[PDB]
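Only one structure is covered here, and it is reproduced in the block below.
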Amino acid sequence: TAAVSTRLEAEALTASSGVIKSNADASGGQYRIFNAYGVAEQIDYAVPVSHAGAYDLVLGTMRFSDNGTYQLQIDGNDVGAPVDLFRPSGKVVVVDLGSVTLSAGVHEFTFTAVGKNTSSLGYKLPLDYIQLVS
Ligand SMILES: [Ca+2]
């Protein structure tokens, strides 16, 4: 048994809050929107890792005009610079969060709103999926 790449749908994962919504352009046809209205609000996801090792981290979100800017932490550790999820067009936003080493077990992926693009109308996180690339 070696590490396999996996896609974990935000609407299927256990999360601390967030509303499940349908969208024909979302992975799985659904997403989970965290309706943050300002900074320091956070949503937690429980993310299983069956095999210890190194992974590249990819986030898929919806492209909405009120997407915020988020700091990912894993198990309380900052991962990556804050990721600004505002784009001017498109159906989805896909972002590369770099590499980590993850132990075997279930990890806490915390998304904290830390700001928003000046063009954005809000602070929200319409997360579609988390993809762990071995
Ligand atoms: Ca999805």
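Residue names in the structure tokens use chain letters A, B, ... in the order shown, residue numbers from 1 in each chain, and ligand numbers from 1 in the order shown.
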
- Task: Please identify the residues whose atoms come within 12 Å of ligand 1, using only C-alpha atoms and all ligand atoms, and report them as a count of residues only.
- Result: 33

- What residues in chain A get the DSSP label strand (DSSP E or B)? Please answer as a PyMOL selection string. chain A and resi 6-9+15+19-22+30-34+42-49+53-62+67+69-74+77-84+92-102+105-115+124-133

- Message: List the spatial neighbours of residue A:120 as number ranges by chain - criterion: any atom at most 9 Å away, only C-alpha atoms, same-chain residues fewer than 6 positions off excluded.
- Response: A: 64-68, 86-87

- Tell me which protein, DNA and RNA residues are within 8 Å of stretch 96-101 of chain A, counting only C-alpha atoms, leaving out same-chain ones fewer than 4 positions away, and put them as a ChimeraX atom specification. /A:52-59,79-80
